[PDB]
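Neighbour counts are summed over all protein chains in view; Cβ atoms, including those assigned to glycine, are modelled from backbone coordinates with ideal geometry. Bear in mind these aren't lab numbers, they're just calculated from the coordinates by the rules spelled out.
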Amino acid sequence: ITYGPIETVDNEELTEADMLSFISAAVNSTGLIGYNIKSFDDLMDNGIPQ
Amino acid sequence: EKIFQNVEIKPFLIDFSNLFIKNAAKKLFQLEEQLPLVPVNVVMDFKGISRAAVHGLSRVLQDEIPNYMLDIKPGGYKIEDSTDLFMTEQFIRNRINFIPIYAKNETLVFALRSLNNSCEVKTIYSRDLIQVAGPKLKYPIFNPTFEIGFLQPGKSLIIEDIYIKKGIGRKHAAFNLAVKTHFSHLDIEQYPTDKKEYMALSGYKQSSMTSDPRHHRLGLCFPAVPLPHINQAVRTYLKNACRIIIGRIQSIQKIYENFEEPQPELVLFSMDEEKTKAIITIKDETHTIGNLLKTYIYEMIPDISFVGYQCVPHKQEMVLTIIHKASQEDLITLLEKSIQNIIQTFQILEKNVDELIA
Amino acid sequence: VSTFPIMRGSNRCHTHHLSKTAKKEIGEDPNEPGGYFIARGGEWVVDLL
Amino acid sequence: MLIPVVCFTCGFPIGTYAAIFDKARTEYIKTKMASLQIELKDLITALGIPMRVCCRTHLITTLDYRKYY
Amino acid sequence: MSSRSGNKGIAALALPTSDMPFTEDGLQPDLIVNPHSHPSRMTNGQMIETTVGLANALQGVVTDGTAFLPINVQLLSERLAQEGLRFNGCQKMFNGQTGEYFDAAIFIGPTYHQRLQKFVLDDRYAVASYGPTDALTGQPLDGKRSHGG
Amino acid sequence: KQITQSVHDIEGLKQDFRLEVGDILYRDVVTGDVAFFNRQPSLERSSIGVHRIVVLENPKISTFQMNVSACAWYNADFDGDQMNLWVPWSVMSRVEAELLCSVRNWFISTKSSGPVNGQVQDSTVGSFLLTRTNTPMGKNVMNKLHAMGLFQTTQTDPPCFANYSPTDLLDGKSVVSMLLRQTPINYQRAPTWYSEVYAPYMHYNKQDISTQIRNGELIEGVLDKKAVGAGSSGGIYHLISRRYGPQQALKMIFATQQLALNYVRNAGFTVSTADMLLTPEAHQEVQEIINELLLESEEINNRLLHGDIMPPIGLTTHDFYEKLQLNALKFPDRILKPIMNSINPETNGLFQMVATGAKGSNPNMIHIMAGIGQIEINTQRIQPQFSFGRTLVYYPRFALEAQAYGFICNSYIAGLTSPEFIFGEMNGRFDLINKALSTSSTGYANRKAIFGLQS
Amino acid sequence: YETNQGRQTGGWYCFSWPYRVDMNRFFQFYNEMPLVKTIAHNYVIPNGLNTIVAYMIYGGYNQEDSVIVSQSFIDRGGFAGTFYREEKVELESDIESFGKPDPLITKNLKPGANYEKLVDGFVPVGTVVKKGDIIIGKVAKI
Amino acid sequence: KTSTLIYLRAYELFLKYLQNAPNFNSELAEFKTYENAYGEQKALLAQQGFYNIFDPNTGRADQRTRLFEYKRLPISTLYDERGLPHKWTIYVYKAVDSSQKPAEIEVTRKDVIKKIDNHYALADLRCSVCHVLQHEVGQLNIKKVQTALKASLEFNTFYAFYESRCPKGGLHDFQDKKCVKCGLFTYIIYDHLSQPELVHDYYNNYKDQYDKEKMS
Ligand SMILES: [Mg+2]
Ligand SMILES: [Zn+2]
């Protein structure tokens, strides 16, 4: 799965307000709460029976 | 010469040329013209009058002038059991208290009876304040576009006694009439403040400690006057401010003329060097009156030993101290003449107000 | 013979997949995520130990 | 819960034009659209709100409880 | 009350709108913050937020002031100047009590302020000479909650 | 009722119509009553003092209101502090409270033998502004009406202005003399406004850099923290206490405080974001100074690379290398040159607060404007705690740049970067930990010391 | 310090507040997005108001981190809201019940209490209660 | 009419949930996307764009910063052509007007308030050791500065190493052998010249052999 060469990626216009989009993507992925709800769901499903 | 020179009355109007504004207006309010009550910016020019008098007029028009507001009679807000759980009585009361009203009658009583028989959140607008009291409103006293609280689906809100209350804005800010938009002295030169070397300064060339301006431009905005009757409303507001100032000054004058008779507002001591100390203590008095008295006593007695006032935030009173190289009755008649000067200045202001606006 | 406390918002909570409007009219917070427990009249959060 | 009936700082009745401003601003979003890519100076001036720092501050920033509930 | 830069403040004054200081354009504050709160606490974020908010209110915009985003105070001041205000956010201010303009231009602008949930009405307590007493030691009970102590 | 040896509530005394001699009446506290005022923790002797009650009749007020200069007794501020207040009712306690425990006895610190109270913040700079020679507008004068207005709130008997015409200009030092005349003292000392570190830049007025008071007549100089500040031994309030008792010192603290505050009610004072902003030329010089520091640090590193570091006998090479570096990244005295080039001292609010001692110091001005510099934790740089030889994930292992070990190059007004903020937070938290230790650690020592010595 | 104070700030503490009976909960009516917002406000609603503040010396009433507040800004709704408290009591056994304690039997009535304004043992909704008043009236030895 | 549809259906689904509907799993899952579409409409009524301050030079988000940049400096800004650090303690002033006869005074920090007033303005500082002004440091020859520092570093390290040690060994820094001096203060003063040039060359081999032993 070789990616394109790094000499061709255009990043000169990449600002830090653009990196705020990456931060928002990370927060959307985690959900900001989701880990404990998912841990409790995993408890109820697999851990308590186990 | 004339003290209050020509006035500039320019109401604030909705610019329907903007497509979004017109579209929204017709979409939610079905509004195509100017609202019945509009804010008016009144800019005034004052010449040959001390800064204390102009600022006192401004302060009176701001909060020391009696004004009307819509309040809910206790027990008016039906607690009930269907009313919207979010629209608390405190919240709706705060919304209604601050709806500017140009009420010429106090007997008007309104009722709010809004039901949300639908699945959407229904917003209660000021047009929902129906009136059941005495005279039918020939002209509305408030704009019908004010957002009062919203109703959740299936919820209602019934407020049955919304009456008009009288008060001054100093005690409760819901009575504040005029908002400040301009104040400058025209007889003091100004630096170019966009420059770097004068950007940290006020701009006036004379230091405030050593400046005595007599030419001022005062700008005030009134929040709601009837659109066809802007000039008469401005006239009434300014004349009532002058009347209020004159009346309070005359209240001081009575204390002055009762100087031989005992009274706890005024005391007099002849201290050491023929000097007589007069301390005038008046409760619930503002900086307007004290500043007027200090400035005009100082103008009438340039060689005074000491004149000063203090309205300490606590003890809620104005205490004015005069010390002068004169006997008690000579000092009293000087102070009486200074009060007559204040009355003369504000009567001339009312005369100019009548002459100008019309 | 037992009951296990159920964290609000978990898959065994009655508001796990309910609509936000249903949560609104059921007395719950539509925007809150959950993650707490309701025990003897008080809401408790199990922190990250 | 709503745009205040009058500006908190000075008392200018921004609540008069609050309802119009809300939907005018919404329609202005739909032609420009992650916070606030807009400039609302023209919309506010058109309503008659003067160039007051306070009134514009409280008009464009006050949260509405209907948007969040 | 507190600012987002962490400057707590207990409110001790209630001035009417006529006693509040005001600028030439009529703008007056809601809070009056002592300038000495800055130099030893070094809460420059509050001042920069005040500058940017002054520029934002006139433009009708809401800027993102997240930490570590690029910031140039010189260019934000130039933006203030381009907005019609001064290079600094200061204005010609008049004393509300006496109508006298201040000699110095006063830095007034919007700052986001938070009401901390520490109410004086909850915290204040006064007790008389008698009330509930501890059965063992005969002393008053402990604290406000017990209605004595 | 002594006749019944019982206490009656006031609702059931309609038949009384009078009180007999020997009755005890429990009456409401009035203005002028003595009250004990105490802040916990009560660490110093002045931690409990007696104040004259001033009942505030406004029902919307529920706080205890005190003059700001009084807070030095209790080490208090108004950020949310709560202090106990009880009003003595017993005659023996009331006699005691006003005669023995009144705050006038705690004006002079038992610990330091100097005054406790004075002007703080708003008045320390207010006294300087009132008493300085030249304002940016011109000479610091006021007409008769505004000189009179300075004495409106002093609560003392106002002086005589009959000798002044309405157009007469009164100097700032004139009005202070008419207040200091009631307690005439002799004071001659260099003010806090004049500093050696500032002198090469800025043009000091020769009538401001020598505060002399002869028999209560301020004849030259400015009044700042050295003269009127709180805790300033030998200050004017300490001298007033020595000659005329500590009660007169407290009155002159309040009278001068109102005189200063009323002056700023017309002069006005502020701090702006541009007060802490450097000019582009000076900011180009601050970088040049910092690059000189980093050049010396790299010169030390280049010695380390070639093995030129020979530690002194008793120190390891790493100990000597760290010692050399901490000397290399020390801000020179010339860092004040770009700051003073960008500062108008007559109008700069931040500088005046610092230079007059109202609040802040030179490091605060340098940190805000010039640069934070090296971050020192226990007199050493940031230790490599992230990994073996790494201080942070943002720096390579065995990095030799000074930035890797806490040297912050930016200033606060410029905005720290992500690793500079992390290093600053390590110092910031380490100061928060020390405070929390300080309260508990001294508590054990204070109680042990009390019991050993109390008898 | 802000991290500490941000989590104590008054605001919309819960969107379902009318359905909850909570103790020491403050619901602030008016909230505003900061003019200078940050990324955090994309996920949590803002708590507070955009207050016009003046960094000035005004009468010396703001020394030592005090604040001078416009009374008008307070009256208009600035940082105003509702503070809620709960009063929950429970019956010990069948020996207790809710109801107005009849003054004839009494035998334990509180000294100087009101005992009026009770309907079916509870104060009716919308009724102001002062310090001396009795709420949720309860009796025993029935 | 999405408001009445979203509300009534949510209640019916909720009522179906309590009655244990057979299709409730699929009917609710489809409603989640129905509510999510309805959710964005409310989010539109809340959010108002993206925004950033635009740089005129680059019409994207403004990235200009007053931050610090490294910019390695020449070594002459630190040490003079002899090898000693600069001491910027002398303050030079220039008159604001040409009519002023002196027009320049070089005074130390203490003398500033004595001799300098508003009629003069501060100029660049001067090093009290090598007498060079600050803005003219470029005149100093770098290659001469470096070769002087290498001798200054070598001699300083030599004497720092031999602060107590003797090149012939055994302290004896009073007079013996060549441990301390050949007369005068030649061991620390470094400006008497040609005494360090000989003595350091006498024991240069010792310096080389000890440095490598230490660096092991
Ligand atoms: Mg404190
Ligand atoms: Zn406003």
>> Testing H:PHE14 on (1) facing another protein chain (nearest Cβ under 7 Å); (2) within 60 Å of the chain's Cα centre (by Cα); (3) over 30 Å from D:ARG25 (Cβ atoms), one condition comes back false. Which one is that?
In response: (2)
>> Please count how many residues of the range B:307-328 are within 7 Å of another protein chain (Cβ to nearest Cβ), within 31 Å of the chain's Cα centre (by Cα) and buried (at least 22 other Cβ atoms within 10 Å of the Cβ).
In response: 3
> What number of residues within the range E:37-76 satisfy the criterion of being facing chain F (nearest Cβ under 8 Å), crowded, with 23+ Cβ neighbours inside 10 Å and among the polar types (S, T, N, Q)?
Replying inline: 2
> Just one of the numbered conditions (1) buried (at least 19 other Cβ atoms within 10 Å of the Cβ); (2) at the interface with another protein chain (Cβ under 9 Å from one of its Cβ atoms) is not true of B:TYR125; which one?
Replying inline: (1)
> Among the residues of the range D:40-69 satisfying the criterion of being basic (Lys, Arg) and surrounded by 23 or more Cβ atoms within 10 Å (Cβ to Cβ), which is farthest from ligand 2 (Cβ to nearest atom)?
Replying inline: D:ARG56
> If you check B:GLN263, B:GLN206, B:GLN232, which single one turns out to be outside any loop (DSSP other than H, G, I, E, B) and surrounded by fewer than 20 Cβ atoms within 10 Å (Cβ to Cβ)?
Replying inline: B:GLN232
> Restricting the search to the range B:33-88, which residues are within 16 Å of the chain's Cα centre (by Cα) and in a loop (DSSP other than H, G, I, E, B)?
Replying inline: B:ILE65
> Going through the range G:29-64 one residue at a time, which ones are more than 22 Å from D:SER35 (Cβ to Cβ) and of a type outside the set (A, V, I, L, M, F, W, C)?
Replying inline: G:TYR55, G:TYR58, G:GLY59, G:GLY60, G:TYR61, G:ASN62, G:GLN63, G:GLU64
> Which numbered condition trips up E:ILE108, out of (1) more than 8 Å from chain F (Cβ to nearest Cβ); (2) touching a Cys at 6+ places or on another chain (Cβ under 6 Å)?
Replying inline: (2)
> Hey, does the range B:337-346 have a residue that's touching a strand residue (DSSP E or B) at 6+ places or on another chain (Cβ under 8 Å) and aliphatic (A, V, I, L, M)?
Replying inline: no
>> Looking only at the range C:10-23, how many residues end up being more than 7 Å from every other protein chain (Cβ to nearest Cβ), of a type outside the set (A, V, I, L, M, F, W, C) and surrounded by 17 or more Cβ atoms within 10 Å (Cβ to Cβ)?
In response: 2
> What are the residues in the range D:1-34 that are β-branched (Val, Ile, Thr) and within 16 Å of ligand 2 (Cβ to nearest atom), if any?
Replying inline: D:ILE3, D:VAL5, D:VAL6, D:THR9, D:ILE14, D:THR16
> In the range E:15-31, what residues are closer than 23 Å to B:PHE175 by Cβ and either in a strand (DSSP E or B) or hydrophobic (A, V, I, L, M, F, W, C) (or both)?
Replying inline: E:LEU15, E:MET20, E:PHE22, E:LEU27, E:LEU31
>> Just to check your reading of the model, which residue among G:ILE68, G:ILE135 is touching a strand residue (DSSP E or B) at 6+ places or on another chain (Cβ under 8 Å), more than 14 Å from chain B (Cβ to nearest Cβ) and of a type in the set (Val, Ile, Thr)?
In response: G:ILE135
>> Filter the range B:287-300 down to the residues that are touching a helix residue (DSSP H, G or I) at 6+ places or on another chain (Cβ under 6 Å) and buried (at least 20 other Cβ atoms within 10 Å of the Cβ) and list them by number.
In response: B:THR288, B:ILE289, B:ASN291, B:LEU292, B:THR295, B:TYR296, B:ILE297, B:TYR298
>> Conditions first: (1) more than 14 Å from chain H (Cβ to nearest Cβ); (2) farther than 13 Å from D:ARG56 by Cβ; (3) not basic (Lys, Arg). D:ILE14 passes all but one, so which condition is the exception?
In response: (2)
>> Which numbered condition in (1) within 16 Å of ligand 1 (Cβ to nearest atom); (2) more than 10 Å from chain F (Cβ to nearest Cβ) is the only one that E:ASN34 fails?
In response: (2)
> What single numbered condition from (1) within 15 Å of ligand 2 (Cβ to nearest atom); (2) surrounded by fewer than 24 Cβ atoms within 10 Å (Cβ to Cβ) fails to hold for D:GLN37?
Replying inline: (1)
> Within the range D:30-37, can one find any residue that is assigned to a helix (DSSP H, G or I) and either touching a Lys or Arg at 6+ places or on another chain (Cβ under 6 Å) or away from ligand 1 (no atom under 16 Å from the Cβ) (or both)?
Replying inline: yes
> For the range B:93-122, which residues satisfy the criterion of being under 20 Å from B:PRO223 (Cα atoms) and either within 14 Å of chain G (Cβ to nearest Cβ) or in a helix (DSSP H, G or I) (or both)?
Replying inline: B:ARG93, B:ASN94, B:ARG95, B:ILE96, B:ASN97, B:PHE98, B:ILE99, B:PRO100
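The rows are residues; the columns are (1) within 16 Å of ligand 1 (Cβ to nearest atom); (2) within 17 Å of the chain's Cα centre (by Cα); (3) under 22 Å from F:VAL354 (Cα atoms); (4) more than 14 Å from chain G (Cβ to nearest Cβ).
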{"site": "F:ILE61", "(1), (2), (3), (4)": "no, no, no, no"}
{"site": "F:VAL68", "(1), (2), (3), (4)": "yes, yes, yes, no"}
{"site": "F:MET92", "(1), (2), (3), (4)": "no, no, no, yes"}
{"site": "F:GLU96", "(1), (2), (3), (4)": "no, no, no, yes"}
{"site": "F:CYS101", "(1), (2), (3), (4)": "no, no, no, yes"}
{"site": "F:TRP106", "(1), (2), (3), (4)": "no, no, no, yes"}
{"site": "F:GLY114", "(1), (2), (3), (4)": "no, yes, no, yes"}
{"site": "F:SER123", "(1), (2), (3), (4)": "no, yes, yes, no"}
>> If I ask for residues that are in a strand (DSSP E or B) and under 20 Å from B:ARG170 (Cα atoms), which ones from the range G:68-83 would you list?
In response: G:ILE68, G:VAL69, G:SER70
> Name the pairs whose Cβ atoms lie under 7 Å apart, with the first residue in the range D:41-69 and among the polar types (S, T, N, Q), the second part of a strand (DSSP E or B) and more than 16 Å from ligand 1 (Cβ to nearest atom), and 6 or more positions between them or separate chains?
Replying inline: D:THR57/E:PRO110; D:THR57/G:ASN50; D:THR61/G:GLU32; D:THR61/G:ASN50; D:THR62/G:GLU32
>> Which residue is farthest from F:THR270 (Cα to Cα), if the candidates are limited to the range B:205-222 and must be in contact with an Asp or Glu (Cβ under 7 Å, 6 or more places away or on another chain) and either of a type in the set (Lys, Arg) or within 13 Å of chain F (Cβ to nearest Cβ) (or both)?
In response: B:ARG214
>> Among the residues of the range H:29-49, are any assigned to a loop (DSSP other than H, G, I, E, B), facing another protein chain (nearest Cβ under 9 Å) and at positive phi?
In response: yes
